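1. Fold the following, please.
(one chain, ligands or ions: 2)
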Amino acid sequence: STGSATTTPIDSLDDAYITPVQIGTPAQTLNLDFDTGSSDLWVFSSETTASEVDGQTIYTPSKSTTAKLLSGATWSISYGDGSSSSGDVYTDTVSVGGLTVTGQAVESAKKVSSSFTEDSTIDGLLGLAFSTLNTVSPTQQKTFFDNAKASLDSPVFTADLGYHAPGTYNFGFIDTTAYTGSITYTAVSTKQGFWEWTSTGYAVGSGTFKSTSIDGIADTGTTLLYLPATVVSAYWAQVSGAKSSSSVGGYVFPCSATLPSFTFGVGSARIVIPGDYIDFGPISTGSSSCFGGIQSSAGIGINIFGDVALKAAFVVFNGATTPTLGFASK
Ligand SMILES: CC(C)CN(C[C@@H](O)[C@H](Cc1ccccc1)NC(=O)O[C@H]1CO[C@H]2OCC[C@H]21)S(=O)(=O)c1ccc(N)cc1
Ligand code: NA
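-> Residues are numbered from 1 along each chain as shown. Ligands and ions are numbered 1, 2, ... in the order given. Shown next is the structure:
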């Protein structure tokens, strides 16, 4: 089997991407944030505290003839941005772009934190990291991809995110028209539960390539590119007027500035992020200062190849017995 679904930016700056997901019988369609850096599929629901719902579409398990409460199971998750959610667990039928999994664990939120409430465009998360990170207790549950994998034509999914435009998540096949050149594959460590890999280095603009190992995670759920402070300082030093602002929480730059590209290495191959992918718009409404899309990972504990990096590539998440990651230009 295969599936193919379009993913759409939530706003004009690509602050996140949402993908429609059919849950239950009859289908209830929710727009979920596909997140290769976490492993829970959770949704706003009829069980979510009423004051914490503000415009999201909810899943109502009592209206799904295929839903079954998973006895004794609860979940509770805390994310890198300080947000959180928690609740109980149903199994139900879940379809993405024509690919159907029966008995998928659907984590129904009883509580969500303020950031989730305040974002009316995201109805929940669909985690695509490794199932070892799933938070369901006392019996850990599998991701949508893990449940689907054996049925897929090939045990892979691909992310093809657009810059200020929709893109595509495919399951079970590689669309050879979606990229140029070849796909270069690179080793993955699953020891932290992430699609963790080692980039071979970077270049800024037209500068020469610096060979240096950068360990980080391929994360569709993170908006920006978070890298070591040395790398980030070298990038912003090439942007006239850019500065790190402790009040804003990162590097900012004059909104009209010409941003250089940023290149990262995948083995001997190179992925070039165009400069305008690095522009996240005014720091506050009406400001002449803009927020940068490459920021220091100091304090995170891990480097994150988020959407700023991934949207410059066609990315293969290869779930073979020994997982690997593939990157192609496009
Ligand atoms: C989309 C959000 C709901 C989650 N985010 C991305 C997500 O992939 C993070 C990415 C992530 C990963 C590690 C450290 C920080 C952030 N994963 C994460 O927090 O996973 C949690 C699952 O349980 C815990 O065990 C693993 C980490 C925890 S996020 O971290 O909040 C985030 C979102 C946007 C940006 N620009 C930066 C970070
Ligand atoms: Na394309």
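
2. Show me what the longest helix seen in the chain is packed up against.
-> Of all the elements of type helix in the chain, the one with the most residues (DSSP state H) is helix 229-236. Applying 3 or more CB pairs under 8 Å, 6 or more residues apart in numbering; DSSP states H and E, one finds that helix 229-236 makes contact with strand 196-204, strand 250-254, strand 294-296. The way it works is simple: take the backbone N, C-alpha and C, and place the C-beta from them, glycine included.

3. can you map out the helices along the chain?
-> According to DSSP H, the helices that the chain contains are 114-118, 144-148, 229-236, 307-310.

4. among these, which is nearest residue 199?
-> Comparing these against residue 199 with CB to CB, the closest turns out to be helix 307-310 (9.1 Å).

5. which secondary structure elements does the closest one contact?
-> Contacts of helix 307-310 with other secondary structure elements, assessed using 3+ CB pairs under 8 Å, 6+ apart, are made with strand 269-273.

6. per-domain residue ranges of the chain.
-> Domain segmentation of the chain under CATH domains of a matching chain yields 5-174, 175-330.

7. Any part of the first one near ligand 1?
-> Yes. Domain 5-174 is in contact with ligand 1 by CB under 6 Å from any ligand atom, via 33, 35, 37-38, 77, 79-81, 83, 125, 133.

8. hang on, the earlier thing: which of the helices and strands packed on helix 229-236 sits closest to ligand 1?
-> Distance to ligand 1, taken as CB to the nearest ligand atom, is lowest for strand 294-296 among the helices and strands packed on helix 229-236, at 8.1 Å.

9. Quick one: residues in contact with that closest one.
-> Strand 294-296 is contacted from outside by 224-229, 232, 235-236, 244, 250-251, 262, 278, 308, using CB atoms under 8 Å, 6 or more residues apart in numbering.

10. Give the partner strands of it in its sheet and their orientations.
-> Sheet pairing of strand 294-296 (DSSP bridges) gives strand 225-227 (parallel).

11. quick one: the partner strand near ligand 1?
-> No. Strand 225-227 is not in contact with ligand 1 by CB under 6 Å from any ligand atom; minimum separation 7.1 Å.

12. Now find how far off-centre that strand is within its chain.
-> Relative to the mean C-alpha coordinate of its chain, strand 225-227 is positioned 14 Å out (CA atoms, centre = their mean, to the nearest Å).

13. same check, this time on stretch 222-232
-> 15 Å.

14. out of the contacts of strand 294-296, which are buried?
-> 224-228, 232, 235-236, 244, 250-251, 262, 278, 308 (16 or more other CB atoms under 10 Å).

15. now those as JSON lines including distance to residue 163?
-> Rendered in JSON lines, the data for the buried ones among the contacts of strand 294-296 read as follows (distance: CB to CB, whole Å):
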{"residue": "224", "distance to residue 163": "14"}
{"residue": "225", "distance to residue 163": "13"}
{"residue": "226", "distance to residue 163": "18"}
{"residue": "227", "distance to residue 163": "19"}
{"residue": "228", "distance to residue 163": "24"}
{"residue": "232", "distance to residue 163": "20"}
{"residue": "235", "distance to residue 163": "18"}
{"residue": "236", "distance to residue 163": "20"}
{"residue": "244", "distance to residue 163": "25"}
{"residue": "250", "distance to residue 163": "20"}
{"residue": "251", "distance to residue 163": "20"}
{"residue": "262", "distance to residue 163": "14"}
{"residue": "278", "distance to residue 163": "11"}
{"residue": "308", "distance to residue 163": "9"}
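
16. Closest to residue 203 out of these?
-> Each of the buried ones among the contacts of strand 294-296 was scored against residue 203 by CB to CB, and residue 262 proved nearest at 7.5 Å.

17. still on that earlier bit, possible to save the helices and strands packed on helix 229-236 as TSV with distance to residue 210?
-> Converted to TSV, those look like this (distance: least, CB to CB, whole Å):
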stretch	distance to residue 210
strand 196-204	5
strand 250-254	19
strand 294-296	15
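
18. still on that earlier bit, would you mind giving me the PyMOL syntax to select the buried ones in the residues of domain 5-174 next to ligand 1?
-> Of the residues of domain 5-174 next to ligand 1, the buried ones go into a single PyMOL selection, burial set by 16+ other CB under 10 Å:
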select buried, resi 33+35+37+38+77+79+125+133
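
19. from the residues of domain 5-174 next to ligand 1, which ones fall inside strands?
-> Secondary structure assignment by DSSP state E places 33, 35, 77, 125 of those in strands.
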